[PDB]
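Structural overview for review
Listed below, chain by chain, are the residues.
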Amino acid sequence: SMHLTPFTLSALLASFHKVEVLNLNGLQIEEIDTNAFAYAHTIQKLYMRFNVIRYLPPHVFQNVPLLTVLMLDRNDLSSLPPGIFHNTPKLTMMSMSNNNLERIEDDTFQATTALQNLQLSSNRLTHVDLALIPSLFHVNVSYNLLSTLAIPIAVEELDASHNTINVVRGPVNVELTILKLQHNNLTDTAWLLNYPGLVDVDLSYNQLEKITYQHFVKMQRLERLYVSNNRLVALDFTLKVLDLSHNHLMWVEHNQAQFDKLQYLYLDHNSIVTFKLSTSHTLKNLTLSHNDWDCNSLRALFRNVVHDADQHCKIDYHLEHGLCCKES
Amino acid sequence: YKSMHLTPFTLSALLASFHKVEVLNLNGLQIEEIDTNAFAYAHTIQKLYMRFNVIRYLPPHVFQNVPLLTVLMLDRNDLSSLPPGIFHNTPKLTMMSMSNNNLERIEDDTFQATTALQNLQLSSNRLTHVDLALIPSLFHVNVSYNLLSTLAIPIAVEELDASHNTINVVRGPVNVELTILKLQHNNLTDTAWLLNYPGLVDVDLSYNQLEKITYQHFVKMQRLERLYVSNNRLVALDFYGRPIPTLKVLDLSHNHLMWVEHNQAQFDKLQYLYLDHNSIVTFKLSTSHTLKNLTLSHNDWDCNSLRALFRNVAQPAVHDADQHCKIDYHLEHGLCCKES
Ligand SMILES: *[C@@H]1O[C@H](CO)[C@@H](O[C@@H]2O[C@H](CO)[C@@H](O)[C@H](O)[C@H]2NC(C)=O)[C@H](O)[C@H]1NC(C)=O
Ligand SMILES: *[C@@H]1O[C@H](CO)[C@@H](O[C@@H]2O[C@H](CO)[C@@H](O)[C@H](O)[C@H]2NC(C)=O)[C@H](O)[C@H]1NC(C)=O
Ligand SMILES: [Cl-]
Ligand SMILES: [Cl-]
Ligand code: NA
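Residues numbered from 1 in each chain as written, not as in the entry; some residues may be left out. Chains lettered and ligands numbered in written order. Heavy atoms only, no water. Residues with missing side-chain atoms left out of burial classes, pairs and counts.

For this coordinate set, the PDB header names X-ray crystallography as the determination method and states a resolution of 1.74 Å.

What follows is the structure in structure tokens.
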């Protein structure tokens, strides 16, 4: 997000004047000649976003050796020419989000050994081997058709949400910190042992039926864990956020103070009957609705430790602080 | 917006325009706020492109610094209104595009000073008010995909697209220049307003709420070639007058038509006539060789009438067929009909 002022315009204009930054965004470009950039050796940043480009021609980037940033998001690309980045070894950021790409062949980023930010969200990708790009720092491949996620050695933030991923592979990665995998087809979490630096992990809307606590024993930094909308049935356990909402949970045990640093705990839409929570000053937010509470257990929870409520209780159950519960 | 080829020539011409700071491309730069004095040191700008940003407001005097402005493109931003005086100091403006914002209204004084404004693109906003008739310089106008209920047509617009609104009233001065009028997907129930547009060549009234078409409304048409009125609620048509000799396309499909009456030679110059998806039982044509495509399926044909129709029309002109027929109907050259 930029603020347009005489100062920021002047800087933009300076970069244009020298042809170091070329803005071709939003010009309804549909076709590009092979030699369009034949005499544009000065170009370091090339912006071609929000056009209607169907194809990139052979050798299109053969004469732009200083290229570091290339933005081609919001076009109609479905594949890439041979050796597209062969002559752009300085490339640090590349976006082709919102195209129609189907595969990224494995040789694509072989010469781009400084590529650190790669944006490929909202394509039709069935194959991209990110593990072959060990320079990656931030990556987004969300909203594609990937079934296998290969994670490179030192990526720090990776969003692969909204795919059909059921396999995660790649070398141990102590730097991966934010991992977004919501809306996928994951049924196991053993791969979590390879990512000891994780702070935020979202595994919501997957096909998890159990979450075994020994997959988390190498975690040095984990603060936020989202596992809503899976099919978890029971849980028997630096964490600040824990989302267990919308599962099939019959019980959740925690032994015991390891829930004391929690500020956000979501238990709503499960089948929980009892739940213990010590006097944790402070817990910021707690959801309990749409469960099967025993009234005694529910009461004790309000003495020690709400942001939701029940509307209609079923037979045998009555409202108690806005939540349904059954008497002993 | 028309598409371009990026060639050494077109890139050279672009770079030359950029070099002189006569064309400024700020498209796609995630611009959110703009300071009133943003263009204080850029008085040379004639074409200003700020499409595909996230601009929420324009300062009222932001364009005082660009008095040579002829083209302004602000498509795909987040504007909900224009402030008073926004174009007061831009008299040379000829094209203004602001499609795909959230504009609710254009106030009547917005274009007072822009007396050369010819091309106006406001499609895909939420407009409930824009008085285009105040802007007589308009030549090409697009206000499609809005919430307009009244359409004031300016005096000399040549092409106007107001499709996908909720228009039930058309008004404004007699306009003999209007050639292409797109009004499909609206709420029209009458066509008396057609009398004020004698230059019309192509008119699309499909997906409206027309139950009748009064043939007299077309008596002043000098050059009408294509008339689309599909997907209305038409039940009966009687086209009796002098034919429109220029008319070559007539789309009456997907109505509720029981008949289309006409004098013997009415349709002799049509090339394309679409009657499919109605309730037509009998229909007549003369033996004209001009017809290229005729659609007849999904009706309620009397076999004798249908067979009389094939005897007069050339074999290849029928380009549709029924698949299965209801009880007591059978296929005749691929079309269902019932014997008398
Ligand atoms: C990865 O890319 C996706 C898709 O562009 C991002 O999702 C969009 O995020 C913005 C801002 O949060 C939302 O306004 C959009 O609605 C989202 N788009 C879609 C299609 O859902 C996502 O934010 C990116 N991931 C990261 C970590 O930045
Ligand atoms: C008026 O503007 C609209 C923009 O909505 C144009 O509609 C687009 O037409 C193109 C084909 O030319 C299609 O690719 C898009 O799907 C249409 N857009 C939408 C939102 O449906 C329309 O063509 C313009 N009218 C004229 C006569 O040019
Ligand atoms: Cl980022
Ligand atoms: Cl004004
Ligand atoms: Na890690």
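Here the narrative resumes.
**Observations regarding the state of the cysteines**
Residues and elements named next belong to chain A. All chains considered together, the criterion is met by four disulfides over all chains. Residue pairing for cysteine 313: its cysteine sulfur links by disulfide to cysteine 324, the two sulfurs lying 2.0 Å apart. Here the disulfide of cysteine 313 and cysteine 324 is left-handed, its torsion about the S-S bond being about -95°. Here the residue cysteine 313 occupies a position in the loop between α2 (295-304) and β21 (317-320), and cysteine 324 occupies one in strand β22 (residues 323-326), the gap between them amounting to eleven residues. Since its relative accessible area comes to 8%, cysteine 324 is described here as buried. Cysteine pairing for chain B (bonded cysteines numbered in sequence order): 1-4, 2-3. When the bonded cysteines of chain A are numbered from the N-terminus onward, they pair as 1-4, 2-3. (Disulfide = S-S within 2.5 Å. Helix = DSSP H or I, 4+ residues; strand = E, 2+ residues; numbered from the N terminus. Buried < 20%, exposed > 50% of the residue type's maximum accessible area, 1.4 Å probe, protein only.)

**Thoughts on the sheet that holds β22 of chain A**
Residues and elements named next belong to chain A. One open sheet accounts for three strands, arranged β20-β22-β21; its pairing is mixed. Looking at the sheet topology across the chains shown, the edges are occupied by β20 (293-294) and β21. Bridge count between β21 and β22: four bridges; the pairing is antiparallel. Considered in β22, the bridge of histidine 318 is made with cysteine 325. (Pairing = 2+ DSSP bridges.)

**What to know about the packing of aromatic side chains**
Residue and element names in this part refer to chain A. What the rule picks out here adds up to 13 aromatic pairs over all chains. Ring geometry for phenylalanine 85 versus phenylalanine 109: centroids 5.7 Å apart, planes at 15°, classification stacked. On the criterion of sequence distance, the pair formed by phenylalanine 85 in the loop between β5 (69-71) and β6 (93-95) and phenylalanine 109 in the loop between β6 and β7 (117-119) is long-range, its members being 24 residues apart. Pair check on accessibility: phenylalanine 85 and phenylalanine 109 agree, each one buried. (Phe/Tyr/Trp six-rings, centres within 6.5 Å; stacked < 30°, edge-to-face > 60°.)

**Re the site of ligand 1**
Residues and elements named next belong to chain A. As a matter of local geometry, ligand 1 sits amid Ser121, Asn140, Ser142, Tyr143, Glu157 and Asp159. Note that an oxygen atom of ligand 1 is positioned 2.7 Å from one of the side-chain N or O atoms of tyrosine 143. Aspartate 159 is positioned such that a nitrogen or oxygen atom in its side chain is 2.8 Å from a nitrogen atom of ligand 1. Out of a free accessible area of 580 Å², ligand 1 has 39% covered by protein chains. When its residues are assigned to classes, the shell around ligand 1 shows one nonpolar, three polar and two charged. (Near = heavy atom within 4 Å. Polar contact = N/O pair within 3.5 Å; in protein donor to acceptor, adjacent residues only side chain to side chain. Areas by Shrake-Rupley, 256 points an atom, 1.4 Å probe, with all protein chains shown as cover. Nonpolar A, V, L, I, M, F, W, Y, C, P; charged D, E, K, R; others polar.)

**Structural notes on the pattern of salt bridges**
Inspection of every chain in the model, using the stated rule, returns 18 salt bridges over all chains. Residue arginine 299 of chain A pairs with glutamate 327 of chain A through a salt bridge whose shortest N-O separation is 2.6 Å. Given a relative accessible area of 30%, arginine 299 of chain A falls into the partly exposed group. For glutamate 327 of chain A, a relative accessible area of 40% puts it in the partly exposed group. Of the charged contacts in the structure, one is a salt bridge between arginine 307 of chain B and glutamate 332 of chain B, with a shortest N-O distance of 2.9 Å. Taken together, the residues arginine 307 of chain B in helix α2 (residues 303-312) and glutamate 332 of chain B in strand β21 (residues 330-332) connect sequence positions 25 residues apart. On the basis of relative accessible area, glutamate 332 of chain B is assigned to the buried category, the value being 13%. Salt bridges here are not isolated pairs; linked through shared partners, they connect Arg49, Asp73 and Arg74 of chain A. (Salt bridge = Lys/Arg side-chain N within 4 Å of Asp/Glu carboxyl O.)

**Some details on the environment of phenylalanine 239 of chain B**
All names here are of chain B. Structurally, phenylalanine 239 is set in strand β15 (residues 236-239). What makes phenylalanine 239 buried here is its relative accessible area of 4%. For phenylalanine 239 and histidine 262, which are 23 residues apart along the polypeptide, the C-alpha to C-alpha distance reads 4.6 Å. Sequence-distant contacts of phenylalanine 239, defined by excluding residues within four places in its chain, comprise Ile213, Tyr215, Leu250, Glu261, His262, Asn263, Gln266 and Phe267. (Contact = heavy atoms within 4.5 Å.)

**Examining the sheet that holds β21 of chain B**
Residue and element names in this part refer to chain B. Ordered by their spatial adjacency, three strands build an open sheet running β20-β22-β21, and the pairing between neighbours is mixed. Looking along the sheet, the strands with just one partner apiece sit at the ends: β20 (301-302) and β21. Alignment of β21 against strand β22 (residues 335-338), held across three bridges, turns out to be antiparallel. By the bridge assignment, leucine 331 is partnered in β22 with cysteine 336.

**Observations concerning the side chain of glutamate 223 of chain A**
Here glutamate 223 of chain A shows up in the loop between β13 (200-202) and β14 (224-226). Setting aside residues no more than four positions away along its own chain, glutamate 223 of chain A makes contact with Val199, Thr238, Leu239, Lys240 and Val241 of chain A.

**What about the coordination of the sodium ion (ligand 5)?**
Residues and elements named next belong to chain A. Protein coordination at the sodium ion (ligand 5): the donors are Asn173 (O), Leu176 (N), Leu176 (O) and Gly197 (N), at 2.3 to 3.2 Å from the metal. Donor residues binding the sodium ion (ligand 5) come from one chain and are separated in sequence as N-x2-L-x20-G. Taken as a pair, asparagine 173 in the loop between β11 (167-169) and β12 (178-180) and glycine 197 in the loop between β12 and β13 lie far apart in primary sequence, 24 residues in all. The exposure class of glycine 197 is buried, given its relative accessible area of 6%. (Donors = N, O, S within 2.8 Å, 3.2 Å for Na, K, Ca; no water.)

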